[PDB]
Amino acid sequence: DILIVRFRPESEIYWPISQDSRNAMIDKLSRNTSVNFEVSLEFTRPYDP
Amino acid sequence: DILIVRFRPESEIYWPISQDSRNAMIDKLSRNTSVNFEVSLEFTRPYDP
Amino acid sequence: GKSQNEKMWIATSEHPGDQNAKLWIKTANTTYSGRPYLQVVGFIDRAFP
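Residue numbers (the entry's author numbering), protein chains in the order written: chain A, 2150 to 2198; chain B, 2150 to 2198; chain C, 2297 to 2345.
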């Protein structure tokens, strides 16, 4: 009932962010506005009939 | 009740694989480790109230 | 690496407190690049009602 999950360190896909939206990120992270880092991990089970 | 589904042969999106992860693919497919090709086809119905 | 179109992110995890504590499970380095894996130990339940 214990599985060793080992994600790779290198990114799965090249970072698909538009230069304009990346500039939006930059200017949002340059004010008093507080944003949160997102850490999402999803465990998906095999289908059970 | 029979629909003729015809996917296009040319890829929908350019293959979004990082060079490092593609190297991981290459070196994983260069050992005794056995990996499986994935063939996923999803039929999605329209919403029923 | 090359031009800004190829943004790629690499993640390295550091254990809180003492990284060398025996409670942690050792992360084997990548066999393809030479970086530690990101380990997530799973405690999976099997019973459902």
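Note that the Cβ used here is the ideal one computed from N, Cα and C, for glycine as well.
Beta-bridge partners of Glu2310/C (DSSP): none assigned.
The count of Cβ pairs closer than 8 Å, one atom from the stretch 2307-2321 of chain C and one from the stretch 2163-2171 of chain A, stays below three, leaving the stretches out of contact.
DSSP places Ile2153/A outside any alpha helix (DSSP H); the residue lies instead in the beta strand (DSSP E), whose first and last residues are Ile2151 to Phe2156. Legend: CB atoms of the stretch 2153-2174 of chain B lying less than 7 Å from CB atoms of chain C belong to residues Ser2167, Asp2169, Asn2172 and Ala2173. Below 8 Å, too few C-beta pairs join the stretch 2318-2330 of chain C and the stretch 2172-2191 of chain A to call them touching: fewer than three.
In terms of beta-carbon proximity, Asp2197/B stays away from the interface with chain C, with every pair separated by 8 Å or more.
In the three-state scheme derived from DSSP, where H, G and I count as helix and E and B as strand, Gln2335/C is classed as strand. Between the alpha carbons of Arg2342/C and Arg2157/B lies a gap of roughly 41 Å. Under the three-state reduction of DSSP, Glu2159/A is assigned to strand. DSSP places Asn2301/C in the helix class (H, G or I) of the three-state scheme. By the beta-carbon neighbour count (other beta carbons within 10 angstroms, threshold 16), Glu2159/B is exposed.
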